[PDB]
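Trainee: Sequence lines, in order, name chains A and C. Note that the first sequence covers residues 24 to 87, 115 to 142, 154 to 888 in the entry's author numbering. Note that the second sequence covers residues 76 to 87, 115 to 142, 154 to 413 in the entry's author numbering. Even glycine gets a Cβ: it sits at the ideal position worked out from N, Cα and C.
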Amino acid sequence: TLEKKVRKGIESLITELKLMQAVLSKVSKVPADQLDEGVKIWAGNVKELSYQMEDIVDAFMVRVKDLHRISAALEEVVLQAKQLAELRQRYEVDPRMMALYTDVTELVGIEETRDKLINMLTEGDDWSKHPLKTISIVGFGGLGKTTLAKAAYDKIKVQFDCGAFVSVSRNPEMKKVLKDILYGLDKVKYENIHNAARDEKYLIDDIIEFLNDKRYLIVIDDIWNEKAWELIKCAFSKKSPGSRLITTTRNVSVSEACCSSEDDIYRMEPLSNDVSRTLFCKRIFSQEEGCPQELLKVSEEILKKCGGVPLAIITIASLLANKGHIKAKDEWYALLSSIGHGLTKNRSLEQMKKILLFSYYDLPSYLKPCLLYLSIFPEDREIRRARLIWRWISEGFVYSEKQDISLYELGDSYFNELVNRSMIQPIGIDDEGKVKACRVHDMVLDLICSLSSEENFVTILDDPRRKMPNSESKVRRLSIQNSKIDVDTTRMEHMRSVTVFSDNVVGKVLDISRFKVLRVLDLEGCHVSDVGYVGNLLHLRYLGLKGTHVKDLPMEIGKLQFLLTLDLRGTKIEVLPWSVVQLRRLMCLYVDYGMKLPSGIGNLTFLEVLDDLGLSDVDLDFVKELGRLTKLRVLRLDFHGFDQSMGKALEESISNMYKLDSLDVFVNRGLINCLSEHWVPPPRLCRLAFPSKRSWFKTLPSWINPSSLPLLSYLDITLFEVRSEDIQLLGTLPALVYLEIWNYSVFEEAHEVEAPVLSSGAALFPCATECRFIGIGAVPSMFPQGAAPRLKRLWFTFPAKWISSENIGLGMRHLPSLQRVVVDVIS
Amino acid sequence: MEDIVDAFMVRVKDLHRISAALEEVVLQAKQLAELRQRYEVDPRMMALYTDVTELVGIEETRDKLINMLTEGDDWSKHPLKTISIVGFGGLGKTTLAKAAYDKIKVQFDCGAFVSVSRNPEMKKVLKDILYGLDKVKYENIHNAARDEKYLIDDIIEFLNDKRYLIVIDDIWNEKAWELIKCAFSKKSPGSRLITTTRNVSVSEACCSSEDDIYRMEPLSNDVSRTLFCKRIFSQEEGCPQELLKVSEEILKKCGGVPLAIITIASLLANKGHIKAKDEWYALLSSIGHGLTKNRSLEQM
Ligand SMILES: Nc1ncnc2c1ncn2[C@@H]1O[C@H](COP(=O)(O)OP(=O)(O)OP(=O)(O)O)[C@@H](O)[C@H]1O
Ligand SMILES: Nc1ncnc2c1ncn2[C@@H]1O[C@H](COP(=O)(O)OP(=O)(O)OP(=O)(O)O)[C@@H](O)[C@H]1O
């Protein structure tokens, strides 16, 4: 009856959504420089309609009284889209080229870095008989990559026969690039080469035939989208000893497509603090620095902001001193406040903003919003990547149709794709084995915040900013920050998300239940426990309550039929309500071992990651129940009171799981009567940790074999005894990037540190960067340096009575950077 | 709409439902109309520049081809003849032609390796033929734009009293080739032509005799095994001993196309057999339903 017309209109809305998203993606490709203002205004209005109809369709999906409301809203938004239609019909060089021409005696700190680039390629030019090699230089935004290549280039040209710079832009024309290569080789024979119009191929043949019996040193820079470089590499495919190539790029996934060797990849780092200070004082300051003595702290704090990027500091210095330091200690602070939120809205600085937006424009779709989402988080802090992944999934930024992907690995791939585009610095390694958190450069972060605020993507309340938009109704994302004064929340009815950063004003001034529709709720670090209204929120996906003093949670959580996250670390709650099996969709459950889980967990079939499951006073059915739901990828378990044949029951029921990637079991000072020696492990596994040290195994587990579980890269194992064949067996394993073994009896009984030996094989360690042995003697005279090619640190124990022995054959420099080690010695 | 029409035509009470469906289908047609109005290099070219000492099995077929066209070179007074090579997808038809071309080249006075696309521009093709014949006299021939005719005459006059061995590959739509044939119409004994195409029905448009049409066949199982192991493995195939069965089964699906084998060998060795017995089963199972949606496989 009435349901049929709305059920029919919904997919019409969906088709319109697809068309609008297509045109929005097309119009956002062009830089906001060639795009006329009329098309841009129309695009903004289209974007607003896009949000409104997404909200209507989502309301329909979650709800199905209300049908009348949905129908009325649908007719209204149709009228709006119609009316917007006829308005539109009714009313209708490279910025970095100059840098290339800069005075040589204007670059500070260049010579040493240039020498490092030269002698990593010309060391084989001595005996220039080696096969040709390419040296790739990587970096982010602009930090000397092209200049350094030219300094090196202009230095070593007497000892070759040819050579040229060629640049490749964002969207090259291959014939143009090839004509540029031909022109630079010889400008006489190929003087009018840009007029000849053959093809992409005959001129490749000509360039090949030209470079026979010659050493040249061709350098190509700014190569993006590796598929473009696979054309040029065919021009360089005949044997030519003593010839070399240089490549510069912002994509670190294209550099390994060159030179096939990680030692040839040149990661280059920002300038050091003192070098950056010297450059900064060379531009503004004439010859001395001892005059101010009052803005020195200001210069320190400014140089900290730019970090090390020769570009940022060059631009800021040019802005700061037009003629004899036209500004002093007041507008310096005004600039400092302006950066972070609004610095770029200025003059002579917009030059560099295009150089930074190059990378943002090169991003494909489905990644522009993911990058723009970073504007939510504050200026300088590490951002846990798991938080970003779950927030992205809950927001709707991640989606697919393949059904062979668990929609989480997809988000991880998006994050890694952001990393390799040289836009966010990854730092640290988490407990799951991947990047822990990420940090974004200060200039880039402030620049993207402005770009996001050009539309209504987010809204930030900041004391330095202290600014509000004119339309309170059209607010979707809010980021409360240190500001705690103007907390008006009246006319934000369709609020997509909200998050609060370390504020005690929350709750007493905030009223969140008033947000009838809400998709994620993030409450890191707050001190509020009054959660009794989340039952009213039915669109919620992400609910973060880490460190929130939440003592208890409402019984009616089961109503939140759509839900994907519950983070409950650091909370005061110790028992979950029974109304949690009622949840049908979930992917993560971050709980601590103290809390007690109600029975019925086996119904949460869609669960993807489980963390810190406490097994205390558990019956057999509950232990067996975890095995029916097989979608886990990460599982963390600890226990105190079930150490019986139930252990073997669980150990067998785990093997039902076929998608694990990590595992770790925690137990106090006991033999592991859980893992049985006749049991198949999951086919896929990477981490397999065991962080307890008071615990031990009697023997090396039998199921540990090179045959099964071939993808391991981490052990953290501990055993009572040790054998000289166990180490050899561990050497049969393929990857095992990380190594750690503990000898329990050594630290607990009167046991002597013996010297195990690898008798069989040659290397048994192709790739193990880290190796740790505690209570086990790993003498470095176990094999010549041709055994473990990559091993940055090694730990072992050396008894003092072996000083007089002859088995201590160290002193030679092994292949990896193994000259830093402090071995624990025992008398 | 076509379902509505067929329903009416077969049926002729149903008039009421048919009419209702008619007006509502008109409704979606109109609605979609205004909804729409509201909003407004060759992959196989790089393969040509591949290392010679990587091909496996080219010599036997290449020697057979050379002596089936060069057999009359002794007493080089036989009239010119053409050889068509027929195949599907990638079976080195182009590579084999170049392998033969690079060997018997010193014993001709001219020669050109010229390609034709799906939709050729005849002026471009003939300019390419001219440029390959002599790169000095006809250096900037691609700039000059006379017509389809005078440059054909230029070719004909240039090919007076010479033996050339011109090879033209990837001819589709024989109506294209019958224009090129007029370039080679004067008697020129001791000179020959080589033609490749994925369309067998345009080969009998060439050479007018079945004995010259060269059907070419996929690789044998042994040669396919050698090429498959040479790309992935280091030097010995008997080292794994445990994915050998998976290897032969996955090789059976490619059959003998040096292409499928080359793509699978590249995709299956990212860095020294990235994993075994699991991803190889993934690629065996992924044939049929989703293997195409993958990475660096789109190039084929
Ligand atoms: N050591 C240095 N001393 C002084 N100025 C420098 C130094 N290195 C770079 N610059 C200047 O900083 C600007 C950075 O441009 P650069 O040549 O680094 O671009 P790039 O590294 O190729 O980055 P992009 O990939 O964005 O082109 C240029 O003006 C350059 O001259
Ligand atoms: N016998 C061989 N040994 C090794 N590699 C080969 C062999 N034959 C072809 N290849 C490789 O496989 C691909 C074959 O290209 P091919 O010559 O088949 O194109 P083609 O026959 O003209 O077919 P298409 O109709 O696709 O153009 C190239 O990558 C070639 O290098």
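1. Under 9 Å Cβ-Cβ, which residues of chain A neighbour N407 (chain C)?
2. Compare the beta carbon distance of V280 (chain A) and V199 (chain A) with 9 Å and say whether it is the shorter of the two.
3. Just how far apart, CA to CA, sit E411 (chain A) and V238 (chain A)?
4. If distances are taken between C-alpha atoms only, which option among A:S756, A:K759, A:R755 and A:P742 comes closest to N766 (chain A)?
5. Just reading off the beta strand (DSSP E) that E270 (chain A) is part of, what are its end residues?
6. Spell out the partners DSSP gives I802 (chain A) in its beta bridges.
7. Run through the region 279–310 of chain C for me and flag every whole beta strand (DSSP E) of 3 or more residues, listed as ranges in chain order.
8. Can you list, in chain order, the residues of its chain with a C-beta nearer than 8 Å to that of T207 (chain A)? Leave out the 5 residues immediately preceding and following it.
9. How far does the beta strand (DSSP E) with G605 (chain A) in it reach, from first residue to last?
10. Please report the straight-line C-alpha distance between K528 (chain A) and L522 (chain A), rounded to a whole angstrom.
11. Measure from the alpha carbon of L876 (chain A) to the alpha carbon of each residue in A:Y719, A:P860, A:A848 and A:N868, then state which is nearest.
12. Measuring only between beta-carbons, confirm whether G403 (chain C) sits less than 9 Å from chain A.
13. Take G403 (chain A) as the anchor and find which of A:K390, A:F346 and A:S513 has the nearest alpha-carbon.
14. Chain A partners of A389 (chain C), CB-CB under 8 Å?
15. Cutting at 6 Å between CB atoms, please list the residues of its own chain near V589 (chain A), excluding the five before and the five after it.
16. Return yes when the Cβ of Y469 (chain A) is within less than 9 Å of the Cβ of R694 (chain A), no when it is not.
17. Can you tell me the Cα-Cα spacing of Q44 (chain A) and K577 (chain A), whole angstroms?
18. How far does the beta strand (DSSP E) with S399 (chain A) in it extend, from its first residue to its last?
19. Taking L137 (chain C) as the query, report the chain A residues whose CB atoms sit under 8 Å from its CB, ordered along the chain.
20. Is it true that the CB of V642 (chain A) sits closer than 9 Å to the CB of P659 (chain A)?
21. Give me the Cβ distance between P817 (chain A) and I837 (chain A), rounded to the nearest whole Å; I'm assuming they're in contact under 8 Å.
22. Leaving aside the five residues before and after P744 (chain A) along the sequence, list all residues of the same chain whose C-beta is less than 7 Å from its C-beta, in chain order.
23. For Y214 (chain C), name the three-state secondary structure that DSSP assigns.
24. Against chain A, does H191 (chain C) count as a neighbour if the rule is that its beta carbon must be under 9 Å from one of theirs?
25. So the beta strand (DSSP E) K194 (chain A) belongs to, where does it begin and stop?
26. What is the DSSP secondary structure of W757 (chain A), reduced to helix, strand or coil?
27. Please give the ranges of any alpha helix (DSSP H) in the region 337–388 of chain A, keeping only runs that are unbroken, at least 4 residues long and fully inside the region.
28. Strictly below 7 Å CB to CB, what residues from chain A border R140 (chain C)?
29. I need the boundaries of the alpha helix (DSSP H) containing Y244 (chain C), first residue and last residue.
30. Output yes or no for whether 9 Å exceeds the beta carbon distance between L637 (chain A) and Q622 (chain A).
31. Label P841 (chain A) either buried or exposed according to how many other C-beta atoms from any shown protein chain fall within 10 Å of its C-beta, with 16 as the threshold for buried.
32. Between the beta-carbon of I733 (chain A) and the beta-carbon of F758 (chain A), is there less than 9 Å?
33. If you draw a straight line from the alpha carbon of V46 (chain A) to that of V480 (chain A), how long is it in whole angstroms?
34. Quick one: grab the DSSP three-state call for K429 (chain A).
35. Counting Cβ pairs, one atom from each stretch, are 3 or more of them under 8 Å apart for the region 597–606 of chain A and the region 580–589 of chain A?
36. Please go through the same chain and pick out, in chain order, the residues whose beta-carbon is closer than 6 Å to the beta-carbon of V315 (chain A), but skip the five residues on each side of it.
Mentor: Short version:
1. In chain order: nothing, as chain A lies at least about 11 Å away.
2. no
3. C-alpha separation (whole angstroms): 28 Å.
4. A:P742
5. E270 (chain A) -> not in any beta strand (DSSP E); alpha helix (DSSP H) instead, spanning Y263 to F271.
6. Beta-bridge pairing links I802 (chain A) to A:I778 and A:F834.
7. 279–282 and 305–310
8. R157, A160, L161, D282, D283 and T309
9. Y603 to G605
10. 7 Å
11. A:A848
12. yes
13. A:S513
14. Correct list: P771.
15. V567 and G568
16. yes
17. 26 Å
18. Segment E392 to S399 is the alpha helix (DSSP H) holding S399 (chain A); no beta strand (DSSP E) there.
19. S35, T38, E39 and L42
20. yes
21. 7 Å
22. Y719
23. helix
24. For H191 (chain C), the answer is no, since every Cβ of chain A falls outside 9 Å of its Cβ.
25. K194 to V199
26. In the three-state DSSP reduction, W757 (chain A) falls in the strand class (E or B).
27. Listed in chain order, they are 357–367 and 371–381.
28. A135
29. Where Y244 (chain C) is concerned, the enclosing alpha helix (DSSP H) starts and stops at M235 to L246.
30. Using a Cβ distance threshold of 9 Å, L637 (chain A) and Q622 (chain A) do not count as a contacting pair.
31. buried
32. Inclusion of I733 (chain A) and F758 (chain A) in the CB contact set at 9 Å is warranted, their separation being smaller than that value.
33. 28 Å
34. helix
35. The region 597–606 of chain A is in contact with the region 580–589 of chain A.
36. Excluding positions up to five away in sequence, the list reads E287.
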